Every structure is written in C-alpha cells, then in structure tokens.
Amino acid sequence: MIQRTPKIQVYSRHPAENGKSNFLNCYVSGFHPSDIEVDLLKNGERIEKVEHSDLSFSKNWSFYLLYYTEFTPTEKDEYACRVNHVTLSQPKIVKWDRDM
C-alpha cells in the first residue's frame, strides 16, 4: 500500500477566448488513495455549483483533480479550497490569494 498527501493549489484563470470570464481553480495533485472530498468555499460557505471536476491518474497510485468553476470575485469576498483525505487528520483549507 501507498498513501500520499495531496498538494493543493488555488488560483484564478481567464479563458483567453472569453477574457471577461473568470474561473476559480483548485488543483489537487499527486494523492493516493483516490478517495477524497474537495470543496470550493466562499466566505466559509461551500459553493454548491462547481461546473468542472476533472480526475486523472499518472502512475496507478498517483491521482490529480482539477476542480473549478466560473466566479466573480469582489475585493471583500474570501475564497478557499477545502480538502479532506485519509492523510489529513483535519480538513485542509487553502485560501485563495487574490493576486493569483
């Protein structure tokens, strides 16, 4: 057996073909086992509608999740990714840096 803690990155992107749209992204990488819970948070509250959840693996024991959705950030709102995994005794919350 092998278990690996996810790396968690939170960032925003504008699709070049539609530059006024903005997406909040949580890239959860290199984890095993594949069982996992991932949410985007807005002001501590789970975002229920997340448009894209793309899971892949490289080696049979390394998984990758891109979890993202359109959003409209205001300088007052706080966003984050929350991840639960067997390797994490407490849920891990990674805050979005607004300049990322």
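Sequential numbering from 1, following the sequence displayed.
Undergrad: Return whichever of 26-34 and 65-73 has the greater mean Cα B factor according to the PDB record.
TA: Mean B over CA atoms: larger for 65-73.
Undergrad: What stretch has the higher average Cα B-factor here, 12-20 or 86-94?
TA: Going by the record's values, the stretch with the higher mean is 12-20.
Undergrad: Where does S58 sit by CA temperature factor within its chain: lowest, middle or highest third?
TA: Middle third.
Undergrad: Would you mind checking where the Cα B-factor of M1 ranks among the modelled residues of its chain, as the lowest, middle or highest third?
TA: Answer is middle: the recorded C-alpha B-factor places it there.
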